[PDB]
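Working notes for the structure below.
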Ligand SMILES: CCCCCCCCCCCCCCCCCCCCCCCCCCCCC(=O)N[C@@H](/C=C/[C@H]1O[C@H](CO)[C@H](O)[C@H](O)[C@H]1O)[C@H](O)[C@H](O)CCCCCCCCCCCCCC
Ligand SMILES: *[C@@H]1O[C@H](CO)[C@@H](O[C@@H]2O[C@H](CO)[C@@H](O)[C@H](O)[C@H]2NC(C)=O)[C@H](O)[C@H]1NC(C)=O
Ligand SMILES: *[C@@H]1O[C@H](CO)[C@@H](O)[C@H](O)[C@H]1NC(C)=O
């Protein structure tokens, strides 16, 4: 059984309308909307027993639910608020007790979208000192000057994502801790064998997926629109 | 809050065993499920206990249910670095779709990596597209070594991070430091208590 | 909806001047929400005992009401019943 | 052959308000009452605990106690699951128990009525709809059958715990069950329908016939068996006759309480 959610990640503004979607092709009659908040367990918001149905959960305030069909169940936030910043989980199930959960949706409601900025990504090639000394090569990536902290950093070797020998900062650090609206920075490392980096045919690419404004958000400011986008840096191997 | 988890968080070293508690007052208690949630990721089910007195085992994971005491434990045998996640207890009050699930806040687990042959060093790494700007990488140091945050606000030092070169079975700690405003790798990790035999090249 | 049936009768032989028990027995009604009063000269008797409501194999509800009464040739005894199936309350008088 | 009955009746007025009352009969005698207000089940006979130990009854009361709450939320959820196909007010009854036969033989039942109509029964290992029941009930049924805990519990209760308990009840209540109570008879006529009132007899089987000496009257019309407060029975027999035929007739009553000593009451 598989359950999907769209979007996977979202940045919104106070007063705006936000629709979180949930797709399930398991033919399950029942679908459930939860939210996760640190300090609490998952709390139920809304649930549906089939197409047309919707029922209030434990914490239904500020949320409206819609079940257009067996396949889809949507959570609608009519007038968004910062109190609605959470990871939202969708679940579905048949007549049994098992509830199958989707991947989860991070929602961040900001007061104003003015300070939103995509990252500047820079891939730093390994040291020759390391290669000779350790017989291993560590690539280092760096995303800078981005706001808010809703990004996903991934490493790509020859068009295919790698996880082995990778680790990212668990949390992005503020560039201006003295500022309340501070833009963030995130670092990540990829480590491969020296002989693998020495191969000139190996294409290395650090990728940051940035989550910002929708293709429907209004933008009046001077610089370019900080829309949900990918920013990446890349390098080739060398002997 | 009808579900309570203990400890709130714990820190173990790679290889050691840890036991996670769950106590509940949910009436009735049809079943209890354990979840593993990697930070940022979703809810991976580990096992589900159902009987009055129940025991299960899913690999290194093994759980026990005593409904009379309304209590459950999850033992993890020989912890790996992968086990670093929040572990969630969930009690369901029916054996059908009429049931509501009751979620615990979760026990947080942090597993400290086992660095076999530490070889601490600081390397300088340069930008591929603009070789003027560079970074300083403190790496290959053991677990005992802590990295202090950046005191100077115009310098940036990230917290330690552990990567696993899986196909080689090799682990290493790393931390990245860089600044734009007078700054070099030789004098970057003076902020932190570095080992005496830390390799400084060039 | 099932319309109720009221049957009034005495426990012992109805002897004028001798203390006795009167039974009001309502049956064959649904829904089970019902108000039942035992009356002496059209007036509600204070301590009227009521048994717990039950139903038969045909699913229709029944309930027995009983009070202590000392009958005379002049006094009238009745059983007033209010139920959702009827627009107007129904009262059945005791007869010997 | 005694039939044991646990009679549950639930009223669901609207989305929030509801109540559940229960009464328990062994034969024509009440053994237990469980009002909505009472958190615990009440004994109405000194022998209502049967041959069960104090721990056994407690484990069994707590089981039902949980069930009542479980049942309340479950219906409300099944209403939501069906809406708008079903709507308040909702009236649900349950007739569950076991009938006892010679030897160690017994048959158990669980019958559910929705809005005064018999719709669902537990049979063998699962819930099923009866003939005549609406098709939308298939879903609630499917959901209840999904719950394997309830199924295992109900099988145990119907297969084992019912007949075991009632076999214990019959021993503990022998004196009350095998009790004998003498009927009292009196006569009256109404504009003339000649009535033979009979009251205070136990057990329920009785024989009341109008006789002109030996002539068992063809016009004898027996009424309905009506209960008394002190757990005895009342019955009347009305005869259809013309005026002047009052004398020469009598009402005869046969009962196990008298044992040959047939009551003969002349007018
Ligand atoms: C089957 C039992 C008698 C037979 C009598 C034998 C008992 C003998 C003992 C003598 C005791 C004397 C005292 C009598 C007290 C009088 C009150 C009882 C009268 C009613 C008859 C009882 C029949 C019901 C018993 C079912 C109880 C089962 C129990 O507690 N089950 C729960 C389960 C709760 C949870 O927790 C459980 C653990 O406890 C398990 O883990 C379960 O898996 C889990 O789900 C469930 O919520 C269960 O579904 C509850 C609903 C019953 C269905 C009936 C609905 C009919 C369908 C109609 C719907 C139409 C749709 C309308 C819109
Ligand atoms: C309780 O009794 C019922 C019979 O009344 C049992 O149900 C039967 O189960 C067998 C196999 O287990 C089936 O082949 C039959 O079809 C069932 N009978 C009916 C009439 O449906 C049930 O197994 C008993 N349960 C327990 C726990 O003893
Ligand atoms: C019946 O009992 C339950 C639990 O005690 C209660 O919540 C409910 O309000 C009661 N019903 C009525 C009508 O008082």
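Chains as they are written, first to last, in the entry's author numbering: chain D, 2 to 240; chain C, 2 to 182, 184 to 204; chain B, 2 to 97; chain A, 7 to 197, 204 to 279. Virtual Cβ for every residue (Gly too), placed ideally from N, Cα, C.
Three-way DSSP call (helix, strand, coil) for residue 205/A in this model: strand
Best match in 49/B, 83/B and 54/B for proximity to residue 36/A [C-alpha to C-alpha]: 54/B
Under the three-state DSSP convention, the category residue 88/A falls into: helix
Residue(s) in a DSSP beta bridge with residue 198/A: There are no coordinates for residue 198/A in this structure, because the numbering of chain A runs from 197 directly to 204.
Closer than 6 Å: residue 161/A CB and nearest ligand 2 heavy atom: yes
Residue burial classification, residue 217/A (beta-carbon count within 10 angstroms, cutoff 16): exposed
Nearest-angstrom beta carbon gap, residue 5/D and residue 24/D [assumed within contact, 8 Å]: 5 Å
Heavy atom of ligand 1 within 6 Å of residue 103/A beta-carbon: yes
Proximal residues to residue 210/D (C-beta, below 6 Å), its chain only, five neighbours per side dropped: 153 and 231
Rounded separation between residue 17/D and residue 64/D - CA only: 13 Å
Contact between the region 144 to 151 of chain D and the region 18 to 28 of chain C (3+ Cβ pairs under 8 Å): no
6 Å CB neighbourhood of residue 79/B in its chain, flanking five on each side removed: 40, 92 and 94
Contact set for residue 120/C: own chain, Cβ-Cβ below 6 Å, skip 5 residues either direction: 141
Contact between the region 108 to 119 of chain A and the region 161 to 174 of chain A (3+ Cβ pairs under 8 Å): yes
Residues bridged to residue 27/A [DSSP beta-bridge criterion]: 15/A
Assigned secondary structure, residue 146/D (DSSP; H/G/I helix, E/B strand, else coil): strand
Integer-rounded CB distance, given that residue 63/A should sit under 8 Å from residue 55/A: 5 Å
Counterpart residues of residue 198/D in DSSP-defined beta bridges: The partner list for residue 198/D (beta bridge, DSSP) is empty, contrary to what the question assumes.
DSSP state of residue 1/C mapped onto helix, strand, coil: No information on residue 1/C is available, as it lies outside the stretch 2 to 204 that chain C covers here.
Helix, strand or coil at residue 34/B [DSSP, three-state]: coil
Short Cβ contact (7 Å threshold) for residue 122/D with residue 164/C: no
Rounded separation between residue 211/A and residue 276/A - CA only: 15 Å
For residue 113/C, the residue or residues it bridges with in DSSP: 14/C
Strand pairing of residue 276/A, partner residues [DSSP]: 264/A
Closest Cα partner of residue 107/A within the set 88/A, 173/A and 127/A: 173/A
For residue 97/C, the nearest candidate out of 206/A, 139/A and 146/A (CA to CA): 146/A
Residue 223/D to residue 10/C span [Cα, whole Å]: 47 Å
Short-range partners of chain B found in the region 94 to 123 of chain A, where Cβ spacing is below 8 Å: 95, 97, 99, 101, 119, 122 and 123
Spatial distance of residue 245/A from residue 215/A (CA atoms): 8 Å
Contact list for residue 53/D against chain C, beta-carbon separation under 7 Å: Within 7 Å Cβ-Cβ: nothing; residue 53/D doesn't reach chain C, min ~17 Å.
Opposing strand residues paired with residue 206/D [DSSP bridges]: 157/D and 235/D
Cβ neighbour criterion (16 or more within 10 Å) applied to residue 209/A: buried
Beta-carbon contacts of residue 138/D that lie in its chain and below 6 Å, excluding the five residues immediately before and after: 127, 132, 193, 195 and 198
Classification of residue 49/D by the beta-carbon crowding that lies within 10 angstroms, buried from 16 upward: buried
Residue 219/A - DSSP class collapsed to helix/strand/coil: strand
Residue 63/C: first and last residue of the uninterrupted beta strand (DSSP E) it sits in: 62 to 67
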